């Protein structure tokens, strides 16, 4: 599914992402936009044999099993395929796990690049949340 910006903002807010591990909602909408353009079906293969999956582009080297990644740890304990559904439940539960590591939201390259230190007001403007 390709989510609408406010539609995504509502589903994240409803799922307890606003303030999760100290990351306000606009952080999460900004990284989703830059990482996947809001598409739950987005996939991107890396040089290292790993692949990024879903709206949050979670990486297969550490977080999910895609059965073709060398040295994979599957910390979320899931199949990467579960990260591509229109339903965000599993993706959200795994992104919540990812942010608890030491690097926090800095785990996401797109956040570091386009959201960190930025004015993110625009990502939730007009959503009424």
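Positions refer to the first chain, counted from 1.
- In this crystal structure, the stretch out of 117-125 and 19-27 whose C-alpha atoms carry the higher mean B factor is 117-125.
- Taking the mean C-alpha B-factor of each stretch as recorded, 65-73 and 38-46 are not equal, and the higher mean is that of 65-73.
- Listed residues 89, 81, 60, 32 were ranked by CA B-factor as deposited; 81 comes out on top.
- In this PDB entry, the Cα temperature factor of residue 104 sits in the middle third of its chain's modelled residues.
- In the deposited entry, the Cα temperature factor of residue 14 sits in the top third of values across the chain's modelled residues.
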